[PDB]
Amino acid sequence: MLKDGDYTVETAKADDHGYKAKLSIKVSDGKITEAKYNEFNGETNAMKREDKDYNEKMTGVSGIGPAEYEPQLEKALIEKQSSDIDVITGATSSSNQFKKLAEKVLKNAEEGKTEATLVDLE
């Protein structure tokens, strides 16, 4: 049972490249209705999906960047209504990071915990 409301979870600390990740959801009538996920610079708050060079090199290497994978992860969450989503080929790292934040944000929705919590991936 998901208590309605807004829930936000965030990584406790920036990863090895200085990015943190944030997942927000909105639950209405017990259903995940909105999902917002962003990797971003801990200090400057610049969003990774807005970074052209970071993406292009990424579309280039694996075939897919934040600009593409973040909105996909968001939708798959809404479609599945659970953290158990399929990883996205070429963005396995973010899929797994995303999955951990979804597990924790969904637990909070169950307890109806209002405050944003930190998730320690490291």
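The first residue of the shown sequence is 1; numbering continues from there.
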Per the PDB record, is the mean Cα temperature factor higher over 33-41 or over 85-93? 85-93
Of 16-24 and 108-116, the stretch with the higher mean C-alpha B-factor in the deposited entry is 108-116
Would the CA B-factor of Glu50 place it in the lowest, middle or highest third of its chain? middle
Sorting the chain's modelled residues by C-alpha B-factor, tell me whether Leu73 ends up in the lowest, middle or highest third. lowest
